[PDB]
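Engineer: Before anything else, here's the structure in question.
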Ligand SMILES: *[C@@H]1O[C@H](CO)[C@@H](O[C@@H]2O[C@H](CO)[C@@H](O[C@@H]3O[C@H](CO)[C@@H](O)[C@H](O)[C@@H]3O)[C@H](O)[C@H]2NC(C)=O)[C@H](O)[C@H]1NC(C)=O
Ligand SMILES: *[C@@H]1O[C@H](CO)[C@@H](O[C@@H]2O[C@H](CO)[C@@H](O)[C@H](O)[C@H]2NC(C)=O)[C@H](O)[C@H]1NC(C)=O
């Protein structure tokens, strides 16, 4: 029996190059071909006859076959290159597919930008105040916001809504509302929004006095 | 219970530490457990990174 | 037939007792140096494995030995079926100026490649041409070309026009 | 199945077939986690009925002896009329209700009204970095969806539109935030374009730094 | 959606030549969930010949009809190991690389109706005190559910528990029953575990005796 071995997984960072090897016994005397498979999708050919790439695949992909190791080289890897890679070869009139290789790209950590917006003047005329604190682009999904009015932790009167990472990006974007009522917004001079997250050295607080805007 | 950490102080023109974790395995215990690994967590890293080596790969 | 379209007439008379696996080699082809090509290729000087051949004239051939379609070159590729001395049984039962084709090649039931064509003369592409060897290192490309010529896998693909005027794709090496 | 606003419902209780009953039918409604309330009465022997003060105008109790069934019709349902309707039967003249029947769940879906737009003031403290975050608030509307576009759709670089969140009342809230350079805060006109098709509501709203 | 009964047969269809020049070779590849790809066989439309993989030599069958221009493979005697997603590919005649992978086809089964097994759970070695010991019988590798556990003649209900059956890793089930008994009674009294499985029509009994101390 014949077997082709590949590393279980590989890790790299954006803009770097990753090398995937499909090694074997005297594998340099055979024509290999590599298949890329995204999760939930059928495999799509990426390389046939070692290095002759098909039409449509970006030029970044490149491979070679020599000795007992055949390698696939990726340059400028991006968040769209995550997918399993499969090796192929013919032996003794028997097809052989190499073990699945999982190529992962580790995305960098970006700190959030946070703002606090007071309540519109018009809403107060309708007996309702809503202070909204926002967290701009930030990758690590784990985030925590804590509204403290006049330095008194609050809970049970806030809601959270988030979007999905941009296609050509990896950062979310979060926002939190604090639904209040008039005769409660009329007091507690100091209002604050506290956010904790990676990247930030220490929690950052953005505040605004109830008076003087 | 069988690993020790030693750390140095940040360089003069720098503020970076350095850590070494030594794992002592009694003989006839390292003769098994094909796979070994070291998993680290820290800020800056998006997710934990583990570096692993097979016993007799080479 | 013109247009590269044969329906059912190819003779499916191929052997299986032999272990050579010529039919089994259809799916994949080995490398140039992985099939011992140079040993056989060294039988003819550089300046039917190579152009050095003396094909004879063939008028008719029994279908009991034909294995696969018989491809012939006008030089434009053409396929000829079995024929009564039109039978649809899968084989179970001249120079272009003067008509027909100079010569061509096929694959036999035993599992070896044999070629026949016009007689050698006494340099040209429309007078003495007999087989697909248009030039010393140029072949008329057809879909089954690899099967009959496994040693020409490394050859490149080139588009040429020949003079009637014929437009066909030929395979040549560096 | 959701009963549309302005419709009516019919709760059915077993009734005497035209003979001695020896029990007084009733009705009871229980809003989710809010206690019990009285709706109306009925005395099979005497066709008369008896309605509560709160539901005086919206209720009507009728019974049919051929089918041995009685029911009450409630019209002009509102969001406040989403609850579980019971049906009890007590002794003739004692007045304590016993043998409470299986509950019936009745639901209605609020109403339809357009959104209200309020602006979120941009940064008041001078941010020399060059990024001031604007945004208009869209809330108190029903049902899904609503669409927000900036500067008549001509500004789509940096616009964020967070998905709508279900408020406690039952309506919806939605926000939209755009980041722009600080130096271009007192020279360009920023306009929200909120459109709600079901209520045919189309409203603009200028957003400018608050005066100081 | 449905479960293909064990021992049944399934077929997968691929587009094929209607009886003319093909210029491609059709092959089939299956994929167990996340376990990589495996090869089954190929079939040239032009040539009646086919090719079979060594592993599946006794369960596959490739045949095609030119009238409908459709080719299909027949797989017989499906088992738990054959659950997977089936692909179809069409590459060049002799380039040895497959292109234009078709949509995935999912085939699933539900293993075979297997009887249970009983394994005693010995009590504590000595536990010579008022700390009433516990003993039980473990039921593993049975399918389909359920089973009923009855103690001696089904006449014991004081402090008897029967935990919900869990789904084992390999599509099977496990379940354990346990009772609490006074320590002093282990010397003389005997305890027996009785289990019944309906689909398997299997009744199994065992004696859960204390293990020897030397
Ligand atoms: C006053 O007397 C009675 C009040 O109940 C009325 O007659 C009732 O009518 C029902 C309905 O038709 C009758 O009972 C029926 O019997 C036959 C049996 O095949 C069938 O129609 C149904 O199965 C039903 O049971 C019966 O005549 C009577 N109901 C009883 C006796 O229970 C009557 O109409 C009232 N009004 C007047 C003006 O008489
Ligand atoms: C080879 O035999 C087949 C079957 O008789 C022919 O293929 C098709 O036959 C059906 C009816 O049997 C016709 O409707 C189709 O039109 C035929 N196919 C084509 C492409 O014409 C086929 O004609 C036979 N071969 C030849 C050369 O005629």
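All Cβ positions, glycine included, derive from the backbone under ideal geometry; neighbour counts span all protein chains shown. Read the figures in this text as sums done on the coordinates, not as results from a lab.
Engineer: Return the residues of the stretch D:36-51 that are more than 16 Å from ligand 1 (Cβ to nearest atom), surrounded by 13 or more Cβ atoms within 10 Å (Cβ to Cβ) and either more than 25 Å from the chain's Cα centre (by Cα) or within 19 Å of residue D:93 (Cα to Cα) (or both); say none if nothing qualifies.
Structural biologist: Step one: list which residues in the stretch D:36-51 are more than 16 Å from ligand 1 (Cβ to nearest atom), which gives D:36-43, D:48-51.
Applying the additional criterion that residues be surrounded by 13 or more Cβ atoms within 10 Å (Cβ to Cβ) yields D:37-43, D:49, D:51.
If the condition is that a residue be more than 16 Å from ligand 1 (Cβ to nearest atom), surrounded by 13 or more Cβ atoms within 10 Å (Cβ to Cβ) and either more than 25 Å from the chain's Cα centre (by Cα) or within 19 Å of residue D:93 (Cα to Cα) (or both), then D:38, D:39, D:40, D:41, D:42, D:43, D:49, D:51 are the ones that fit.
Engineer: What about residue E:19, is it within 16 Å of ligand 2 (Cβ to nearest atom) and under 30 Å from residue C:89 (Cα atoms)? Write out each step before concluding.
Structural biologist: On the way: within 16 Å of ligand 2 (Cβ to nearest atom): yes; under 30 Å from residue C:89 (Cα atoms): yes.
Spelling it out, residue E:19 is indeed within 16 Å of ligand 2 (Cβ to nearest atom) and under 30 Å from residue C:89 (Cα atoms).
Engineer: Residue E:54 passes all but one of (1) over 28 Å from residue C:143 (Cα atoms); (2) more than 8 Å from every other protein chain (Cβ to nearest Cβ); which number fails?
Structural biologist: For residue E:54, the failing item is (2).
Engineer: Ok, one more. In the stretch B:19-33, is there at least one residue being within 14 Å of chain A (Cβ to nearest Cβ) and on the phi > 0 side of the Ramachandran plot? Can you show your working first?
Structural biologist: Residues of the stretch B:19-33 within 14 Å of chain A (Cβ to nearest Cβ): none.
Checked against the condition, which is being within 14 Å of chain A (Cβ to nearest Cβ) and on the phi > 0 side of the Ramachandran plot, the stretch B:19-33 yields no hits at all.
Engineer: Continuing with this model, one more query. Which ones in the stretch B:20-33 are exposed (fewer than 10 other Cβ atoms within 10 Å of the Cβ) and in contact with a strand residue (DSSP E or B) (Cβ under 6 Å, 6 or more places away or on another chain)?
Structural biologist: B:20, B:22
Engineer: Okay, moving on. On the basis of being within 30 Å of residue A:213 (Cα to Cα) and buried (at least 18 other Cβ atoms within 10 Å of the Cβ), does residue D:119 make the cut? Don't jump to the end; show me each part of the working.
Structural biologist: Details: within 30 Å of residue A:213 (Cα to Cα): yes; buried (at least 18 other Cβ atoms within 10 Å of the Cβ): yes.
Against the criterion (within 30 Å of residue A:213 (Cα to Cα) and buried (at least 18 other Cβ atoms within 10 Å of the Cβ)), residue D:119 qualifies.
Engineer: Do you know which of the residues in the stretch A:42-60 that are within 19 Å of residue A:89 (Cα to Cα) and away from chain E (no Cβ under 11 Å) is farthest from the chain's Cα centre (by Cα)?
Structural biologist: A:51
Engineer: Which numbered condition trips up residue E:41, out of (1) within 26 Å of residue A:44 (Cα to Cα); (2) more than 14 Å from every other protein chain (Cβ to nearest Cβ)?
Structural biologist: (2)
Engineer: Against the condition within 16 Å of ligand 1 (Cβ to nearest atom) and farther than 20 Å from residue D:96 by Cβ, how does residue D:33 come out, does it pass?
Structural biologist: no
Engineer: Shifting gears a bit: If you check C:90, C:101, which single one turns out to be at positive phi and in contact with a strand residue (DSSP E or B) (Cβ under 6 Å, 6 or more places away or on another chain)? I'd like the intermediate steps shown before the answer.
Structural biologist: Working: C:101 fails: at positive phi.
Residue meeting the stated conditions: C:90.
Engineer: May I pose another question? Just one of (1) assigned to a loop (DSSP other than H, G, I, E, B); (2) surrounded by 13 or more Cβ atoms within 10 Å (Cβ to Cβ); (3) within 12 Å of chain A (Cβ to nearest Cβ) trips up residue D:125, so point out which.
Structural biologist: So the condition that residue D:125 fails would be (2).
Engineer: If you don't mind, another one. Of the residues in the stretch C:72-91, how many are surrounded by 12 or more Cβ atoms within 10 Å (Cβ to Cβ) and within 16 Å of ligand 2 (Cβ to nearest atom)?
Structural biologist: First, the residues of the stretch C:72-91 that are surrounded by 12 or more Cβ atoms within 10 Å (Cβ to Cβ): C:72-82, C:87, C:89-91.
When the remaining residues are screened for being within 16 Å of ligand 2 (Cβ to nearest atom), the result is C:78-82, C:87, C:89-91.
Qualifying residue count, the stretch C:72-91: 9.
Engineer: Something else about it: Can residue D:81 be described as away from chain A (no Cβ under 14 Å) and within 16 Å of ligand 1 (Cβ to nearest atom)?
Structural biologist: Details: away from chain A (no Cβ under 14 Å): yes; within 16 Å of ligand 1 (Cβ to nearest atom): no.
It is false that residue D:81 is away from chain A (no Cβ under 14 Å) and within 16 Å of ligand 1 (Cβ to nearest atom).
Engineer: Still on this model: Please tell me if residue D:146 is away from chain A (no Cβ under 11 Å), buried (at least 20 other Cβ atoms within 10 Å of the Cβ) and over 22 Å from residue A:125 (Cα atoms). Talk me through it step by step, then tell me what you get.
Structural biologist: On the way: away from chain A (no Cβ under 11 Å): yes; buried (at least 20 other Cβ atoms within 10 Å of the Cβ): yes; over 22 Å from residue A:125 (Cα atoms): yes.
Spelling it out, residue D:146 is indeed away from chain A (no Cβ under 11 Å), buried (at least 20 other Cβ atoms within 10 Å of the Cβ) and over 22 Å from residue A:125 (Cα atoms).
One line per residue, one yes/no per condition, for (1) in contact with a helix residue (DSSP H, G or I) (Cβ under 9 Å, 6 or more places away or on another chain); (2) farther than 26 Å from residue E:26 by Cα; (3) within 14 Å of chain E (Cβ to nearest Cβ); (4) within 16 Å of ligand 2 (Cβ to nearest atom):
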position: C:6; (1), (2), (3), (4): no, no, yes, yes
position: C:9; (1), (2), (3), (4): no, no, yes, yes
position: C:19; (1), (2), (3), (4): no, no, no, no
position: C:31; (1), (2), (3), (4): yes, no, yes, no
position: C:60; (1), (2), (3), (4): no, yes, no, no
position: C:64; (1), (2), (3), (4): no, yes, no, no
position: C:97; (1), (2), (3), (4): no, yes, no, no
position: C:100; (1), (2), (3), (4): no, yes, no, no
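Engineer: Give me the residue from the stretch D:181-193 that is in contact with a strand residue (DSSP E or B) (Cβ under 6 Å, 6 or more places away or on another chain) and either part of a loop (DSSP other than H, G, I, E, B) or within 14 Å of chain A (Cβ to nearest Cβ) (or both) and, out of that set, surrounded by the most Cβ atoms within 10 Å (Cβ to Cβ). Even if it seems obvious, please write down each step before you answer.
Structural biologist: Of the stretch D:181-193, the ones in contact with a strand residue (DSSP E or B) (Cβ under 6 Å, 6 or more places away or on another chain) are D:182, D:185, D:191-193.
Applying the additional criterion that residues be either part of a loop (DSSP other than H, G, I, E, B) or within 14 Å of chain A (Cβ to nearest Cβ) (or both) yields D:182, D:185, D:192.
Numbers: D:182: 15, D:185: 16, D:192: 23.
Restricting to residues being in contact with a strand residue (DSSP E or B) (Cβ under 6 Å, 6 or more places away or on another chain) and either part of a loop (DSSP other than H, G, I, E, B) or within 14 Å of chain A (Cβ to nearest Cβ) (or both), the top hit is D:192.
Engineer: Look through A:181, A:158, A:126, A:170 and report the one residue that is within 14 Å of chain D (Cβ to nearest Cβ) and closer than 26 Å to residue D:158 by Cα. Lay out the reasoning, then the answer.
Structural biologist: Details: A:181 fails: closer than 26 Å to residue D:158 by Cα; A:126 fails: closer than 26 Å to residue D:158 by Cα; A:170 fails: within 14 Å of chain D (Cβ to nearest Cβ).
None of the others qualify; the one that does is A:158.
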